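Shown next as structure tokens: one chain only, the form deposited in one PDB entry.
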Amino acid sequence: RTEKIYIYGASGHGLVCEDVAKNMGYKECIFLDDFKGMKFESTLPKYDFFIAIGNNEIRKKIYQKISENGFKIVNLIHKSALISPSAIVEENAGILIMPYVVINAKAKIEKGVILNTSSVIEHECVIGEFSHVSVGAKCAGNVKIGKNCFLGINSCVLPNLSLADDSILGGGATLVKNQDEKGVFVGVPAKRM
């Protein structure tokens, strides 16, 4: 790791990422935000980089842009996250792992994923690239979450289920059936909106 880190995103999401970065031992966070702070330039000095954008589509776009412009996009992983030695977390892939997250045996976390505070990824899950597993959201064993999915605060998915790319599981929702097409699912049990 370098001593400094760029945090793209001047917002509460950025601040939380900065806290994780400090936890990992980064000495200084340099914020950039083209809307809300200091504008990025492709001629900035090369330090470790992180994309603290909550929106999955925007995060992917900026990830591609920054990754093209030469920067290494590290993972920010809080020291209190518990990760099985047999779990797979893509290295240097802009993944955020917040405090008290647990990732169990043989689960796979793809690039650009957010695992937010106290979320749980059970054994043998696959969490697709640029997905956001929100605060307290829990995936049971063998759950496959598609690319760019959003699992809302305190939501959950029962074992052996799949959620299609680009889907939203609402805050508090309990998914009890496979979903092979994109949707927005809310309620206990979760149903299409």
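Rigid core (definition): largest C-alpha set, two forms, superposition within 1.5 Å. Numbering starts at 1 and runs along the sequence shown. Only residues modelled in both forms are compared.
The same protein also exists as the form deposited in another entry; that form is not shown, yet it is the one meant from here on.
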Inset, instruction - Identify which of 38, 153, 58, 30 has its C-alpha displaced by 2 Å or more between this form and the one not shown once the rigid core is superposed. - result: 38
Inset, instruction - Note whether the distance between the C-alpha atoms of residue 94 and residue 40 decreases (closer) or increases (farther) in the other form, against the displayed form; the change is 3 Å or more. - result: farther
Inset, instruction - Please say whether the CA atoms of residue 37 and residue 23 come closer or move farther apart in the other form, knowing the change relative to this form is 3 Å or more. - result: farther
Legend entry - Regions shifting between this form and the one not shown, defined as 3+ consecutive residues whose CA atoms all move 2 Å or more relative to the core: 34-45, 188-193
